[PDB]
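Trainee: Before I ask anything, let me first share the structure, which is written out below as structure tokens.
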Amino acid sequence: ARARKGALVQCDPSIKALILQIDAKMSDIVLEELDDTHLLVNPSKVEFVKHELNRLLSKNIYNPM
Amino acid sequence: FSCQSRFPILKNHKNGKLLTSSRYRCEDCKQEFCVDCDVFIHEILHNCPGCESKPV
Amino acid sequence: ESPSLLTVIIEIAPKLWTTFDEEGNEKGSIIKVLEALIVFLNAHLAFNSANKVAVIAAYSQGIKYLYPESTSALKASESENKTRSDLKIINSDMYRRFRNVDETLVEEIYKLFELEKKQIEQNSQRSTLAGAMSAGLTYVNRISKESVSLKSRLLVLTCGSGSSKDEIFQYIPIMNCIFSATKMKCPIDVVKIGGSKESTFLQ
Amino acid sequence: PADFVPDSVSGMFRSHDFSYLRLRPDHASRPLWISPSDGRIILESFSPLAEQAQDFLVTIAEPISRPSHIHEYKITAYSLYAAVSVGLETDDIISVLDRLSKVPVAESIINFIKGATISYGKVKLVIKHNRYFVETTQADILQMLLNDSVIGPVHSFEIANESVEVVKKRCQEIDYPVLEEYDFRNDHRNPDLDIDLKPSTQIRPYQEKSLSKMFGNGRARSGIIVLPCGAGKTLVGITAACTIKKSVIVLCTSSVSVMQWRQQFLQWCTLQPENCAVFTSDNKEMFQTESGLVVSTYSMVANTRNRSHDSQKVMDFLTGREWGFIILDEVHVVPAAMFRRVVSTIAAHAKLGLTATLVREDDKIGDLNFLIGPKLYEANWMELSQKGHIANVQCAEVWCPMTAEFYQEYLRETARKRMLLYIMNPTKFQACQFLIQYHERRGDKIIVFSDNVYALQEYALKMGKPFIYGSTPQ
Amino acid sequence: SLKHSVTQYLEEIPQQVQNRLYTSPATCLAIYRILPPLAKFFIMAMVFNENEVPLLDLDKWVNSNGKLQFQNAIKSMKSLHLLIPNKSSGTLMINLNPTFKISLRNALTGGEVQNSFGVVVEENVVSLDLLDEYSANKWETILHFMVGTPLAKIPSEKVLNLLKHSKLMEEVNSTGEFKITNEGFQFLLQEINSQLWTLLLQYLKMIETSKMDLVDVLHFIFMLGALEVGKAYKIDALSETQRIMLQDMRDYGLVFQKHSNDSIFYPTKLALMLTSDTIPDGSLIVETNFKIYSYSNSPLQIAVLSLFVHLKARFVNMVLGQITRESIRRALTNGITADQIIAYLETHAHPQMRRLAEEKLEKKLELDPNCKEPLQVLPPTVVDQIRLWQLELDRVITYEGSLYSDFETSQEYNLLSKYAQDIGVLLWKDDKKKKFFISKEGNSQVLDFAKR
Ligand SMILES: [Zn+2]
Ligand SMILES: [Zn+2]
């Protein structure tokens, strides 16, 4: 019954893959791997990893001028 | 007479004067009615309230 | 929910009401039925915010409109509405929506009574009740077409008093009113005060 | 400004709050809003006087977009140029804009209309025995032409044949725009042709509208007409050749397009095969008549490679023959580096740019005004779809979720190999397999497009289907 | 909504507070309007007679087709404490509230009204030239403050503290801006009468001080509903408490007192609008290319259009706008959900999309009569784009909390996991991985469960 204060995420395996390469970029993003859709993300960087992922999908979408 | 809607003045202009007075007289009772009263009394109703207010 | 229209047909006939007074043990019964009508109209206007009231009297020499007042009110000496010639019949601390309608109708009652007193010398053998609710349905359709919807209903304040029997001229216009009210789905409510138990046409 | 105070909510408009324009009382019958900032026209199709408004704007403006209810149009220079070429003056246009719009026409819009419309038709380009002359009705415009003097030895001077597009763009960036209008009625140096449409050939109203945009005033006007595939832009080319009745050369992207266009002349119009000719690799023999017709490929003319003596003689004949009309089919490849020169090497009076795809990734698609001319006719795709001229297509976008291992390998890959990875995900395999399986049961012929050779071969070997890539035998 | 909201508010009123509230005839007349028509009919039938009527008579009064409506009315009037149920002779005898009955009879028979309806001083102006635009200006001041557009006139601190204590209108002063919640644009969804009702229920939820009672507030708002517009009224009948709320809604604009401490207050048209209701402005046009053409000239409609549509221009007729991705992001960062924006677009659609929508529904029924489709007044392409933007806002969802792992025995893991699932805080569990996660709100409960 040991409690670790983490943030579980629910997403498709592609977003899970993206945040695991974000973990591969810098150290404290996701703590342990659980499933293909559930990962325990550190709660202190939730808006931070949102700021990386929306930036990553900004190049994925086309913005007309 | 039958619905007491104010008869519209309906004046065209000052030079255009007064036209199409919307009062519909009944010949058996000399009572004026508006256009809605005429198009109600003549098919839905079948009595003239003016002909009935006359104390014969 | 949906507001309605309370149209009321009042049967005022001096012979009928005074024979009711003579048959009854009291004098001035029409004052009682008048104030009962007034509190009924207040109850109807308390029922909903947007429901409307029409009341029509059928006197001997014709019919006249009691509420709403005739459009000859022009804020003049002949306005005869609101504070102009506001004779104190009902108390001024009344709800203003009730106050305006009740004061206007009682002033019209007194005016009709003055006009009928002025023509007391002629006794009409013709009853103007059937044309009265005919014009009641006419104003009902006026309100229905002007306001888009709204329900409607008729009240009939009739009196037999054991003197006027069931007339023969009151056959055709009553059923014309029946078919007209069935067309606009307007219920027709009739209360008969008097010794005559049965009035077949109104039934 | 018309003495209108800015509101607290007007601060979010970057000087675009046009509320100072006062509403007209009879604005219900007026279907137009005119923006004074950029000349953008807002058109409502549901209002009364809608068809008058829409054909008036397609005469005077380019449609930015045409959705169902509200249509968007742009007042540009070239639309006004075409309108005043076909016979529309300034003040009449200004008056009907004032009448047909709710908001009043602002001073900036009237200034733009008068500035663009005036000084038009001053300089005119004519060809006299394969020699380009710019002709001006007023003498001082020659003196104003003092900066880019490319003169080579009524008011006229000769231009170098390869600098004509530079002269056109120089005239466009000055307020005196270049004009060319082939008056085949008053042209007698070039012999006429007996080409005419067969009586069994029927023409559609939108094609007639495109031709009326092209053949407006009484002269053949060079420009671009775009139509859908299957709407019959080839028929518009046939009809334009039958209208001008002069010598016509047709440049096509492919040799199969060359033979198809030759078939179209031989089938739809009364052109004899002795008056029609082919310039290709296999076919180089030409008409011996004084005026005829030839269909050829773009790289017949614009190839700088060491060619045959026969092709040398042919292109010498093409240069030495004065043409009254050229049908540049698939005009979007003309702004390429070789293909730009074909309008200068081949001296033709009228240039019609027929295509279905007037768009490029680079910005050179805008230079076709200097190459061919102003944009003549835009065909409404939805209008042709609803009246049974082009098909009712259901555009769709199938989202295939990227699989975990494929994406995991995909995030550290180089770009060409990135395409090589994401084209071969199995979810698109399943989606394509299911779509083929379902629409094959619908009795639908299916063409599956995939540019990569490896991709099409992999899918075709997976599903046992035929595949046609580049090096397949003909 | 409105009627349900005020009924549930007056349910929260204590019975003795309700009985004290039934003293004035204006309050009884107002709450009489809030009853259902079957309930209103039975109450007014019970008003004039002093004798008490058994419930079986009222049950026999109703036809079998309205038994559910009769039961709902019985529930409403029992919860409204208008009935005294009496147990006599084996019968559930029913008696009306006596103070309510007396006050309503006085309101009907012209009895004692204790100037609950106010008094007219017969000095007044027309509403359109002075009162109406004052009420519109005072309403639009707080509206344009709360939507966030800059203003030269800002409202008083009282409504600012009211919005701060409210669920909507979250405030930050270290940043310098006022943040709009989802509940803010939800407030902008309904029409201004129910907007005023929600504002005043939030006000009554705010005012708990000893400086203000409750029955006087309810009396004052119900007589403000009872007042008529176009005639001034004297301030003397109001208490000093009712006078300071007279000043308070003079700041709001519900009432126009031309100067502070004046003896004549003028009711505005919002007072009559509060009781019941009664091409439009704000009717917008949307296309396939996300273009906005709004038939609007009021600043409030286009001001609230500015939150979720990238406005490009504004005519005297149109407001040229475009639904861009960034405008939708501006909406969603305020908590504004996509479905509510879709509903706003549906309610403000032009009748031309309405006629084309019924046209394409006619085509759908004449092509496929076997199925019926709802009337999509706007094309589904833009709706699908808004839903895709909403989904790409929350592509990943980050639920925070705690997780238990490292169990040497499977029974301890199973017991803790089923305890977490029973209290509804678990989000994932598997005995193979020997891990289960619980939410942040459920962290402390499971921690004290494990400690004890
Ligand atoms: Zn009438
Ligand atoms: Zn008559």
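Chain identifiers are assigned as A, B, and so on, following the order in which chains appear in the structure tokens; residues are numbered from 1 within each chain, and ligands are numbered from 1 in order of appearance.
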Find the spatial neighbours of residue 31 of chain A, counting only C-alpha atoms, within a cut-off of 12 Å - ignore same-chain residues fewer than 6 positions away - and output them as a list in words.
Mentor: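 Selected residues are residues 4, 5, 6, 7, 8, 9, 19, 20, 23, 24, 38, 39, 40, 41, 42, 43 and 45 of chain A; 403 of chain E.
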Trainee: Give the residues close to ligand 1, within 8 Å, counting only C-alpha atoms and all ligand atoms; write them as a PyMOL selection string.
Mentor: (chain B and resi 1-6+33-38) or (chain C and resi 138-139+142)
Trainee: Could you take the residues named above and write them with N, CA, C and O atoms, as a short mmCIF file (atom, residue, chain, number, x, y, z; two decimals), in the first residue's frame?
Mentor:
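Ended up saving to again-v8.cif:
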data_model
loop_
_atom_site.label_atom_id
_atom_site.label_comp_id
_atom_site.auth_asym_id
_atom_site.auth_seq_id
_atom_site.Cartn_x
_atom_site.Cartn_y
_atom_site.Cartn_z
N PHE B 1 -67.85 46.85 -34.46
CA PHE B 1 -69.01 46.47 -33.65
C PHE B 1 -68.82 45.13 -32.96
O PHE B 1 -69.14 44.99 -31.78
N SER B 2 -68.32 44.13 -33.68
CA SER B 2 -68.28 42.77 -33.14
C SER B 2 -66.97 42.45 -32.43
O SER B 2 -66.94 41.52 -31.61
N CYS B 3 -65.89 43.18 -32.71
CA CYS B 3 -64.63 42.98 -32.02
C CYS B 3 -64.03 44.25 -31.45
O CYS B 3 -62.99 44.16 -30.77
N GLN B 4 -64.63 45.42 -31.71
CA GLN B 4 -64.20 46.76 -31.26
C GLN B 4 -62.71 47.03 -31.45
O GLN B 4 -62.10 47.79 -30.70
N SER B 5 -62.11 46.44 -32.48
CA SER B 5 -60.82 46.93 -32.93
C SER B 5 -61.00 48.34 -33.46
O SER B 5 -61.99 48.64 -34.13
N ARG B 6 -60.08 49.23 -33.09
CA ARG B 6 -60.09 50.57 -33.64
C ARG B 6 -59.96 50.50 -35.15
O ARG B 6 -59.06 49.83 -35.67
N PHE B 33 -68.57 46.87 -39.55
CA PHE B 33 -67.67 45.81 -39.13
C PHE B 33 -66.34 45.97 -39.85
O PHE B 33 -66.27 46.55 -40.93
N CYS B 34 -65.28 45.45 -39.24
CA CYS B 34 -63.97 45.53 -39.87
C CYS B 34 -63.78 44.37 -40.83
O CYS B 34 -64.68 43.54 -41.03
N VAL B 35 -62.61 44.32 -41.46
CA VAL B 35 -62.35 43.30 -42.47
C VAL B 35 -62.27 41.91 -41.85
O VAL B 35 -62.79 40.93 -42.40
N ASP B 36 -61.64 41.80 -40.67
CA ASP B 36 -61.56 40.51 -39.98
C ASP B 36 -62.94 40.07 -39.51
O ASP B 36 -63.27 38.88 -39.58
N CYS B 37 -63.75 41.01 -39.05
CA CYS B 37 -65.12 40.69 -38.66
C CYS B 37 -65.94 40.24 -39.86
O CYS B 37 -66.76 39.32 -39.74
N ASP B 38 -65.74 40.86 -41.02
CA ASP B 38 -66.46 40.44 -42.22
C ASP B 38 -66.07 39.02 -42.62
O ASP B 38 -66.93 38.15 -42.81
N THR C 138 -66.33 36.53 -32.03
CA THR C 138 -65.65 37.37 -33.00
C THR C 138 -64.41 38.03 -32.39
O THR C 138 -63.33 38.03 -32.99
N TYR C 139 -64.54 38.54 -31.17
CA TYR C 139 -63.39 39.10 -30.47
C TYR C 139 -62.39 38.01 -30.08
O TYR C 139 -61.18 38.28 -30.03
N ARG C 142 -60.41 37.57 -33.05
CA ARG C 142 -59.55 38.74 -33.20
C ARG C 142 -58.28 38.59 -32.35
O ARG C 142 -57.17 38.81 -32.84
#
Trainee: Got a sec to check which residues lie within 6 Å of ligand 2, using only C-alpha atoms and all ligand atoms, and send them as a ChimeraX atom specification?
Mentor: /B:26,28-29,48,50-51
Trainee: As JSON, numbers by chain, please: every residue in segment 30-225 of chain E that a backbone DSSP assignment puts in alpha helix (DSSP H).
Mentor: {"E": [30, 31, 32, 33, 34, 37, 38, 39, 40, 41, 42, 43, 44, 45, 46, 47, 55, 56, 57, 58, 59, 60, 61, 67, 68, 69, 70, 71, 72, 73, 74, 75, 76, 77, 78, 79, 98, 99, 100, 101, 102, 103, 104, 105, 106, 107, 108, 109, 133, 134, 135, 136, 137, 138, 139, 140, 141, 142, 143, 144, 145, 146, 157, 158, 159, 160, 161, 162, 163, 164, 165, 182, 183, 184, 185, 186, 187, 188, 189, 192, 193, 194, 195, 196, 197, 198, 199, 200, 201, 202, 203, 204, 205, 206, 215, 216, 217, 218, 219, 220, 221, 222, 223, 224, 225]}
Trainee: Would you kindly return, as a ChimeraX atom specification, each protein, DNA or RNA residue with an atom no farther than 9 Å from any atom of segment 88-94 of chain C, considering only C-alpha atoms and excluding same-chain residues fewer than 3 positions away?
Mentor: /C:97-100,102-103,106-107 /E:107-115,117-119
Trainee: At what distance in Å, to one decimal, does atom CA of residue 76 of chain E lie from atom CA of residue 39 of chain E?
Mentor: 8.0 Å
Trainee: Show me a table, sorted first by chain and then by increasing residue number, of the residues of chain C having an atom at most 7 Å from chain B, each with its shortest atom pair and the distance in Å to one decimal, counting only C-alpha atoms and written as a Markdown table.
Mentor:
| residue | atom | partner | partner_atom | distance |
| --- | --- | --- | --- | --- |
| C:61 | CA | B:55 | CA | 5.7 |
| C:62 | CA | B:53 | CA | 4.2 |
| C:63 | CA | B:53 | CA | 5.9 |
| C:70 | CA | B:4 | CA | 6.7 |
| C:71 | CA | B:6 | CA | 6.0 |
| C:124 | CA | B:55 | CA | 5.6 |
| C:125 | CA | B:56 | CA | 6.7 |
| C:126 | CA | B:55 | CA | 4.9 |
| C:128 | CA | B:53 | CA | 5.0 |
| C:131 | CA | B:49 | CA | 4.2 |
| C:132 | CA | B:49 | CA | 6.8 |
| C:134 | CA | B:49 | CA | 6.1 |
| C:135 | CA | B:2 | CA | 4.5 |
| C:138 | CA | B:3 | CA | 5.8 |
| C:139 | CA | B:3 | CA | 4.4 |
| C:142 | CA | B:3 | CA | 6.7 |
| C:173 | CA | B:47 | CA | 5.9 |
| C:176 | CA | B:45 | CA | 5.8 |
| C:177 | CA | B:45 | CA | 6.9 |
| C:180 | CA | B:44 | CA | 5.8 |
Trainee: Would you mind listing, for every residue of chain C within 8 Å of chain E, the two atoms forming the shortest contact and the distance between them in Å to one decimal, using only C-alpha atoms, sorted by chain and ascending residue number, as JSON lines?
Mentor:
{"residue": "C:1", "atom": "CA", "partner": "E:37", "partner_atom": "CA", "distance": 7.1}
{"residue": "C:39", "atom": "CA", "partner": "E:108", "partner_atom": "CA", "distance": 6.1}
{"residue": "C:42", "atom": "CA", "partner": "E:108", "partner_atom": "CA", "distance": 5.9}
{"residue": "C:43", "atom": "CA", "partner": "E:108", "partner_atom": "CA", "distance": 6.7}
{"residue": "C:46", "atom": "CA", "partner": "E:29", "partner_atom": "CA", "distance": 7.0}
{"residue": "C:47", "atom": "CA", "partner": "E:33", "partner_atom": "CA", "distance": 6.4}
{"residue": "C:48", "atom": "CA", "partner": "E:33", "partner_atom": "CA", "distance": 6.2}
{"residue": "C:49", "atom": "CA", "partner": "E:276", "partner_atom": "CA", "distance": 7.0}
{"residue": "C:91", "atom": "CA", "partner": "E:110", "partner_atom": "CA", "distance": 7.0}
{"residue": "C:93", "atom": "CA", "partner": "E:115", "partner_atom": "CA", "distance": 6.8}
{"residue": "C:94", "atom": "CA", "partner": "E:110", "partner_atom": "CA", "distance": 5.6}
{"residue": "C:95", "atom": "CA", "partner": "E:117", "partner_atom": "CA", "distance": 6.5}
Trainee: Restricting the output to C-alpha atoms, write the selected residues as a CSV table (one decimal), in the first residue's frame.
Mentor:
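result-v2.csv, written as the output of this step:
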chain,number,residue,atom,x,y,z
C,1,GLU,CA,-48.3,27.3,-19.2
C,39,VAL,CA,-63.2,38.8,-8.1
C,42,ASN,CA,-59.0,39.1,-10.6
C,43,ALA,CA,-58.6,35.4,-10.1
C,46,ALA,CA,-53.9,36.0,-11.1
C,47,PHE,CA,-53.9,32.7,-12.9
C,48,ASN,CA,-51.3,33.8,-15.5
C,49,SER,CA,-49.4,36.9,-16.3
C,91,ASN,CA,-60.2,51.1,-3.4
C,93,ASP,CA,-54.6,50.4,-3.0
C,94,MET,CA,-55.7,47.6,-5.3
C,95,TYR,CA,-53.2,45.8,-7.6
Trainee: Go ahead and compute the interatomic distance for atom CA of residue 377 of chain E and atom CA of residue 346 of chain E, in Å to one decimal.
Mentor: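 Straight-line distance from atom CA of residue 377 of chain E to atom CA of residue 346 of chain E works out to 6.6 Å.
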Trainee: Just the residues within 7 Å of segment 121-130 of chain E, please, counting only C-alpha atoms, with nothing from its chain fewer than 2 positions along; format it as a PyMOL selection string.
Mentor: chain E and resi 119+132-134+229-234
Trainee: Between chain D and chain A, at 10 Å or less, what are the per-residue closest atom pairs and their distances in Å? Count only C-alpha atoms, order by chain and rising residue number, and return it as CSV.
Mentor:
residue,atom,partner,partner_atom,distance
D:401,CA,A:14,CA,7.9
D:402,CA,A:14,CA,6.6
D:403,CA,A:14,CA,7.1
D:404,CA,A:13,CA,5.7
D:405,CA,A:17,CA,9.0
D:406,CA,A:14,CA,9.5
D:407,CA,A:14,CA,6.7
D:408,CA,A:17,CA,6.2
D:409,CA,A:17,CA,9.9
D:411,CA,A:21,CA,7.8
D:412,CA,A:21,CA,9.3
Trainee: Select residues of chain E: the criterion is any atom within 9 Å of an atom of chain A, counting only C-alpha atoms; output as a PyMOL selection string.
Mentor: chain E and resi 325+392-393+395-407+412-413+416+427-428+433+435+437-440+443+447+450
Trainee: Can you measure atom CA of residue 7 of chain E to atom CA of residue 191 of chain E for me? One decimal in Å is fine.
Mentor: 18.8 Å
Trainee: Near residue 375 of chain D, within 8 Å and counting only C-alpha atoms, which residues show up once chain neighbours fewer than 6 positions away are dropped, as a list in words?
Mentor: residues 78, 79, 223, 224, 225 and 369 of chain D
Trainee: Which neighbours of residue 378 of chain D fall inside 12 Å, counting only C-alpha atoms, when residues of the same chain fewer than 3 positions from it are skipped, and could you give them as a PDB file with N, CA and C atoms, in the first residue's frame?
Mentor:
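Once everything was written out, this is part-v6.pdb:
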ATOM      1  N   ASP D  55     -24.323  37.119 -61.954  1.00  0.00           N
ATOM      2  CA  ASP D  55     -23.674  37.252 -63.254  1.00  0.00           C
ATOM      3  C   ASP D  55     -23.002  38.615 -63.406  1.00  0.00           C
ATOM      4  N   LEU D  57     -21.360  40.127 -60.884  1.00  0.00           N
ATOM      5  CA  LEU D  57     -20.068  39.947 -60.225  1.00  0.00           C
ATOM      6  C   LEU D  57     -19.139  39.024 -61.005  1.00  0.00           C
ATOM      7  N   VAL D  58     -19.657  37.981 -61.665  1.00  0.00           N
ATOM      8  CA  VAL D  58     -18.726  37.169 -62.450  1.00  0.00           C
ATOM      9  C   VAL D  58     -18.282  37.901 -63.710  1.00  0.00           C
ATOM     10  N   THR D  59     -19.017  38.930 -64.146  1.00  0.00           N
ATOM     11  CA  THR D  59     -18.459  39.812 -65.166  1.00  0.00           C
ATOM     12  C   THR D  59     -17.430  40.786 -64.600  1.00  0.00           C
ATOM     13  N   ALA D  61     -15.830  40.596 -61.283  1.00  0.00           N
ATOM     14  CA  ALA D  61     -15.024  40.208 -60.132  1.00  0.00           C
ATOM     15  C   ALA D  61     -14.691  38.725 -60.200  1.00  0.00           C
ATOM     16  N   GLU D  62     -13.625  38.348 -59.481  1.00  0.00           N
ATOM     17  CA  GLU D  62     -13.228  36.950 -59.327  1.00  0.00           C
ATOM     18  C   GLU D  62     -13.877  36.357 -58.084  1.00  0.00           C
ATOM     19  N   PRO D  63     -14.548  35.210 -58.196  1.00  0.00           N
ATOM     20  CA  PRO D  63     -15.157  34.581 -57.014  1.00  0.00           C
ATOM     21  C   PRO D  63     -14.085  33.959 -56.130  1.00  0.00           C
ATOM     22  N   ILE D  64     -13.938  34.493 -54.916  1.00  0.00           N
ATOM     23  CA  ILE D  64     -13.030  33.885 -53.947  1.00  0.00           C
ATOM     24  C   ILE D  64     -13.552  32.520 -53.525  1.00  0.00           C
ATOM     25  N   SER D  65     -14.838  32.448 -53.194  1.00  0.00           N
ATOM     26  CA  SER D  65     -15.490  31.197 -52.854  1.00  0.00           C
ATOM     27  C   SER D  65     -16.963  31.321 -53.198  1.00  0.00           C
ATOM     28  N   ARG D  66     -17.574  30.193 -53.555  1.00  0.00           N
ATOM     29  CA  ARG D  66     -19.005  30.133 -53.850  1.00  0.00           C
ATOM     30  C   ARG D  66     -19.664  29.009 -53.059  1.00  0.00           C
ATOM     31  N   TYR D  73     -16.600  37.312 -53.404  1.00  0.00           N
ATOM     32  CA  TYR D  73     -15.994  37.762 -54.647  1.00  0.00           C
ATOM     33  C   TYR D  73     -14.912  38.792 -54.349  1.00  0.00           C
ATOM     34  N   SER D  79     -10.182  41.537 -63.553  1.00  0.00           N
ATOM     35  CA  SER D  79     -11.619  41.427 -63.788  1.00  0.00           C
ATOM     36  C   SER D  79     -12.184  42.714 -64.372  1.00  0.00           C
ATOM     37  N   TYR D 206     -22.591  26.557 -69.973  1.00  0.00           N
ATOM     38  CA  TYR D 206     -21.416  27.089 -69.289  1.00  0.00           C
ATOM     39  C   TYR D 206     -20.228  27.226 -70.234  1.00  0.00           C
ATOM     40  N   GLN D 207     -20.113  26.326 -71.214  1.00  0.00           N
ATOM     41  CA  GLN D 207     -19.108  26.497 -72.259  1.00  0.00           C
ATOM     42  C   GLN D 207     -19.379  27.749 -73.079  1.00  0.00           C
ATOM     43  N   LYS D 209     -20.910  30.382 -71.938  1.00  0.00           N
ATOM     44  CA  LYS D 209     -20.572  31.490 -71.052  1.00  0.00           C
ATOM     45  C   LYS D 209     -19.067  31.735 -71.028  1.00  0.00           C
ATOM     46  N   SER D 210     -18.277  30.658 -71.008  1.00  0.00           N
ATOM     47  CA  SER D 210     -16.823  30.790 -71.062  1.00  0.00           C
ATOM     48  C   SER D 210     -16.370  31.419 -72.372  1.00  0.00           C
ATOM     49  N   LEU D 211     -16.976  31.003 -73.488  1.00  0.00           N
ATOM     50  CA  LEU D 211     -16.631  31.588 -74.780  1.00  0.00           C
ATOM     51  C   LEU D 211     -17.044  33.053 -74.857  1.00  0.00           C
ATOM     52  N   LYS D 213     -17.143  35.055 -72.289  1.00  0.00           N
ATOM     53  CA  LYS D 213     -16.087  35.732 -71.541  1.00  0.00           C
ATOM     54  C   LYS D 213     -14.838  35.906 -72.396  1.00  0.00           C
ATOM     55  N   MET D 214     -14.503  34.895 -73.200  1.00  0.00           N
ATOM     56  CA  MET D 214     -13.349  34.998 -74.088  1.00  0.00           C
ATOM     57  C   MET D 214     -13.656  35.891 -75.285  1.00  0.00           C
ATOM     58  N   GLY D 223      -6.480  34.648 -72.880  1.00  0.00           N
ATOM     59  CA  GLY D 223      -6.697  34.488 -71.457  1.00  0.00           C
ATOM     60  C   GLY D 223      -6.821  33.027 -71.088  1.00  0.00           C
ATOM     61  N   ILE D 224      -7.240  32.795 -69.846  1.00  0.00           N
ATOM     62  CA  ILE D 224      -7.284  31.461 -69.259  1.00  0.00           C
ATOM     63  C   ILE D 224      -8.732  31.096 -68.965  1.00  0.00           C
ATOM     64  N   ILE D 225      -9.162  29.946 -69.474  1.00  0.00           N
ATOM     65  CA  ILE D 225     -10.469  29.375 -69.171  1.00  0.00           C
ATOM     66  C   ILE D 225     -10.235  28.013 -68.536  1.00  0.00           C
ATOM     67  N   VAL D 226     -10.758  27.821 -67.328  1.00  0.00           N
ATOM     68  CA  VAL D 226     -10.628  26.560 -66.607  1.00  0.00           C
ATOM     69  C   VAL D 226     -12.005  25.915 -66.502  1.00  0.00           C
ATOM     70  N   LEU D 227     -12.052  24.613 -66.742  1.00  0.00           N
ATOM     71  CA  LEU D 227     -13.267  23.818 -66.683  1.00  0.00           C
ATOM     72  C   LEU D 227     -12.940  22.489 -66.022  1.00  0.00           C
ATOM     73  N   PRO D 228     -13.936  21.816 -65.445  1.00  0.00           N
ATOM     74  CA  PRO D 228     -13.702  20.473 -64.907  1.00  0.00           C
ATOM     75  C   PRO D 228     -13.370  19.473 -66.003  1.00  0.00           C
ATOM     76  N   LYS D 233     -13.643  21.049 -71.880  1.00  0.00           N
ATOM     77  CA  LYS D 233     -12.747  22.141 -72.248  1.00  0.00           C
ATOM     78  C   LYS D 233     -12.169  21.929 -73.640  1.00  0.00           C
ATOM     79  N   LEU D 354      -6.202  26.427 -71.662  1.00  0.00           N
ATOM     80  CA  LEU D 354      -7.204  25.480 -71.198  1.00  0.00           C
ATOM     81  C   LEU D 354      -6.573  24.516 -70.207  1.00  0.00           C
ATOM     82  N   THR D 355      -7.195  24.381 -69.041  1.00  0.00           N
ATOM     83  CA  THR D 355      -6.719  23.457 -68.021  1.00  0.00           C
ATOM     84  C   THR D 355      -7.894  23.089 -67.128  1.00  0.00           C
ATOM     85  N   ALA D 356      -7.636  22.174 -66.196  1.00  0.00           N
ATOM     86  CA  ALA D 356      -8.557  21.877 -65.114  1.00  0.00           C
ATOM     87  C   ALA D 356      -7.966  22.140 -63.742  1.00  0.00           C
ATOM     88  N   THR D 357      -6.645  22.293 -63.642  1.00  0.00           N
ATOM     89  CA  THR D 357      -5.927  22.436 -62.377  1.00  0.00           C
ATOM     90  C   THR D 357      -5.046  23.678 -62.478  1.00  0.00           C
ATOM     91  N   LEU D 358      -5.608  24.848 -62.178  1.00  0.00           N
ATOM     92  CA  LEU D 358      -4.851  26.099 -62.263  1.00  0.00           C
ATOM     93  C   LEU D 358      -4.250  26.435 -60.898  1.00  0.00           C
ATOM     94  N   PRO D 374      -5.464  37.620 -68.838  1.00  0.00           N
ATOM     95  CA  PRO D 374      -6.301  37.652 -67.635  1.00  0.00           C
ATOM     96  C   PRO D 374      -7.196  36.426 -67.540  1.00  0.00           C
ATOM     97  N   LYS D 375      -7.619  36.138 -66.313  1.00  0.00           N
ATOM     98  CA  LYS D 375      -8.439  34.961 -66.059  1.00  0.00           C
ATOM     99  C   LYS D 375      -9.851  35.195 -66.577  1.00  0.00           C
ATOM    100  N   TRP D 381     -18.018  24.392 -59.702  1.00  0.00           N
ATOM    101  CA  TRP D 381     -17.988  22.937 -59.583  1.00  0.00           C
ATOM    102  C   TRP D 381     -19.298  22.394 -59.029  1.00  0.00           C
ATOM    103  N   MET D 382     -19.834  23.042 -57.992  1.00  0.00           N
ATOM    104  CA  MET D 382     -21.082  22.578 -57.394  1.00  0.00           C
ATOM    105  C   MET D 382     -22.262  22.791 -58.330  1.00  0.00           C
ATOM    106  N   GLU D 383     -22.251  23.890 -59.090  1.00  0.00           N
ATOM    107  CA  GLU D 383     -23.312  24.139 -60.062  1.00  0.00           C
ATOM    108  C   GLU D 383     -23.314  23.087 -61.164  1.00  0.00           C
ATOM    109  N   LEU D 384     -22.133  22.702 -61.654  1.00  0.00           N
ATOM    110  CA  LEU D 384     -22.077  21.654 -62.666  1.00  0.00           C
ATOM    111  C   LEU D 384     -22.371  20.285 -62.070  1.00  0.00           C
TER     112      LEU D 384
END
